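Quick setup: one chain, the form deposited in one PDB entry, written in structure tokens, and binding and motion questions come after.
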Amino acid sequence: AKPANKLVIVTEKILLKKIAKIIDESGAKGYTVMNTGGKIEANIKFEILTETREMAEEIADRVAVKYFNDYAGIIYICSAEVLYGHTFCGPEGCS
């Protein structure tokens, strides 16, 4: 039972590569992405689990500052506990 912060980013489809690049540079182990609708126009949704709150805010602050003046989008955070995940918890395990 390793606690975690689930960061969610919903925004326009064009930024996929731009946001994916930012997530990799933050220190996050991995992420999930999926095609969605919004209002209905096609857009994307990122889901990133992070060990610390600070890392989650670091990802949100950069994406918002860089693109949210021009492009539409929303970013929010949820509490979670990771039970299994080699990259997130390590070979040691989530215990």
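In this text, the rigid core denotes the largest set of C-alpha atoms whose superposition between the two forms falls within 1.5 Å. Only residues modelled in both forms are compared. One rule holds for the numbers: they count along the sequence shown, beginning at 1.
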*If you average the Cα B factors in the entry, which is higher, 30 to 38 or 62 to 70?*
62 to 70
*Mean C-alpha temperature factor, higher of 1 to 9 and 85 to 93*: 85 to 93
*Compared with the other modelled residues in the chain, in which third is the CA B-factor of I77?*
lowest
*Within this chain's modelled residues, let me know which third the CA B factor of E54 belongs to: lowest, middle or highest.*
highest
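Beyond the structure shown, there is the form deposited in another entry, which is absent from this document and is the topic of what follows.
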_Residue from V10, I14, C78, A20 whose Cα, after superposing the rigid core, lies 2 Å or more away between this form and the one not shown_ = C78
_Comparison of CA distance in the other entry with shown form for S79, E54, at least 3 Å_ = closer
*Did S79 and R53 drift closer or farther in the other entry, going by a CA distance change of 3 angstroms or more?*
closer
*Just the runs, please: which groups of three or more residues in a row shift their CA by 2 Å or more between this form and the one not shown on the core?*
78 to 94
